[PDB]
Amino acid sequence: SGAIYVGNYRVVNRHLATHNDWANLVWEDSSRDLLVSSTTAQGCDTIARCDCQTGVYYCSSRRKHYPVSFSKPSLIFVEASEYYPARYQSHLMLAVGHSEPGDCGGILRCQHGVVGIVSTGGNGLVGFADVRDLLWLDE
Ligand SMILES: CSc1ccc(Br)cc1CC(=O)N1CCC[C@H](C(N)=O)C1
Ligand SMILES: [Zn+2]
């Protein structure tokens, strides 16, 4: 679990969105596993606007932050699950690192701010859904 709070928005993994998230929906994309809902209170997370490939992510299954090198956002195959059929998830970035299904939502940050959230994993790898291109989260 985990969310990004920026302005009047809440950013979560689409496969983990609540009833409240869907009743206050702003935008959603199954192909990115992202969902954005509106909030009453203000959010103080800063989104990075950069092409950084290094950063730190929170891993809840270890209660630890890990530094990582990560790939550029791209279309990557993701095996079927209870939430989606087997497909290409777009805007996905991979790193060598530990993750388990309950790790989705952990924030990945660089020196510029929030880069994205844990969305995939398996075989000593961790996948992050990028949010750096969502320029509207600030305006
Ligand atoms: C950090 S998630 C994870 C980590 C290790 C292992 Br084994 C398995 C997982 C689970 C996982 O990758 N998915 C299930 C939830 C939907 C995800 C998606 N974005 O399509 C795919
Ligand atoms: Zn950066």
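Counting convention: from 1, in listed order, for ligands and their atoms alike. Counting begins at 1 with the first residue of the sequence.
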Which label fits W136 and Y9: parallel for a plane angle under 30°, tilted from 30 to 60°, or perpendicular past 60°? perpendicular

Check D133 with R32, please: is the shortest side-chain N to carboxylate O separation under 4.0 Å? yes

Heavy-atom closest pair, residues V114 and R132: O-CG, 4.5 Å

Identify, with sequence neighbours excluded, every residue that meets side-chain hydrogen bond (donor to acceptor under 3.5 Å, both in side chains) alongside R14. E28, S30

On the 0 to 90° scale, with breaks at 30° and 60°, tag the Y84-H15 ring pair as parallel, tilted or perpendicular. perpendicular

Measure the acute angle between the ring planes of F128 and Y57, then classify it against the limits of 30° and 60° as parallel, tilted or perpendicular. perpendicular

Examine distances only and state if a side-chain atom of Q53 and a backbone atom of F70 form a donor-acceptor pair shorter than 3.5 Å. yes

Anything with a heavy atom under 4.0 Å from ligand 1 counts, so go ahead and list those protein residues by chain and number. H15, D33, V78, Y83, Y84, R87, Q89, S99, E100, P101, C104, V118, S119, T120, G121, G122

Clusters formed by hydrophobic residues whose side-chain heavy atoms approach within less than 4.5 Å: which one holds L25, and what are its other members? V12, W22, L35

What protein N/O/S atoms sit under 2.8 Å from the Zn ion (ligand 2), by chain and number? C50 SG, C52 SG, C110 SG, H112 ND1

CD (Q42) with more than 12 external heavy atoms under 6.0 Å: yes

